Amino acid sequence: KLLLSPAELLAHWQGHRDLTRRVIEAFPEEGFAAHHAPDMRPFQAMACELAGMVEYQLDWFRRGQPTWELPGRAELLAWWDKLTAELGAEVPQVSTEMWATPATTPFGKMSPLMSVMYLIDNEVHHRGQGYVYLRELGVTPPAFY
């Protein structure tokens, strides 16, 4: 504890999620579910993975302990907005002591802070992959910065 506030972390997270939402919106419906690189999934599956991870983290914050068809563009965007509202309503209620308790996962110990940082990194990772997909589908991605 010395650098970052929970509110600043949540705002950073929500900005990332808004940019990912605009990436999802920029995809054509067909390439969203079909286009992929060799031995890689289409962005539909990646975005479903990200939304499921947000569900996992929300469930962690709600219960106090983590528990260890693919949607089209429109359904996924509605799911994304629901997750956005729930993150904005529930994460501020997270006790800032809870953020640091290394709860036990099959891998090892992990705080909610470390898990949220990993979720953010995974989102940025797959969103850059989606940037490449958008370029290969003839679409200018939303500006990264």
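Throughout, we count residues from 1 along the sequence that is shown.
- In this entry, residue 68 is separated from residue 69 by 4 to 9 residues of the deposited sequence that have no coordinates.
- Looking at 52-60 and 85-93 together, the entry lists the larger mean B-factor for 85-93, computed on C-alpha atoms.
- Here the stretch with the larger average CA B-factor, out of 130-138 and 9-17, is 9-17.
- Going by the entry's values, 98 shows the largest Cα B-factor out of 33, 98, 120, 47.
- Sort the modelled residues of the chain by CA B factor and residue 79 lands in the middle third.
- In this PDB entry, residue 42 carries a Cα temperature factor that places it within the lowest third of its chain's modelled residues.
- In this PDB entry, residue 110 carries a Cα temperature factor that places it within the highest third of its chain's modelled residues.
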